[PDB]
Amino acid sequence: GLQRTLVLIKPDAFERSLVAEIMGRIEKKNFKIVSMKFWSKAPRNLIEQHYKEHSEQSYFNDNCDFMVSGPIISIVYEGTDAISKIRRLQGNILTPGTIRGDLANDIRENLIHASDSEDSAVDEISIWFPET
């Protein structure tokens, strides 16, 4: 059951030099890069589209400002059950063994985004890779 899912490497990973570390954890779990873009600075409307379901929250504006404060990488990964597996790999800051659990300690600056559903996956892929 192959799926594809959208990942973003966030500006705190560039600042802290953790880009290969995060990418390597997904690589070691046998997921493949199908497409990839580097953005020295992502255009703000792409970020706002990406986070559109969050538009009414108190943190919305501040988080977009963080996301435009440095480089980001967008990646489409392919593999069995990709969506849910990469989501678990991302985890959270309370859970040792995961990316966030081992390397992050903040509510905003948490290194990585992964799609959490099939629909969000489909939509997020179309935002960052509209040539399809």
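Numbers follow the displayed sequence, beginning with 1.
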Between 115-123 and 17-25 (mean CA B-factor, as deposited), the higher: 115-123
Quick one: higher average CA temperature factor, 51-59 or 97-105? 51-59
By the entry's values, the third containing the CA B factor of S84 is the middle
So where's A42 on the chain's Cα temperature factor ranking, which third? highest
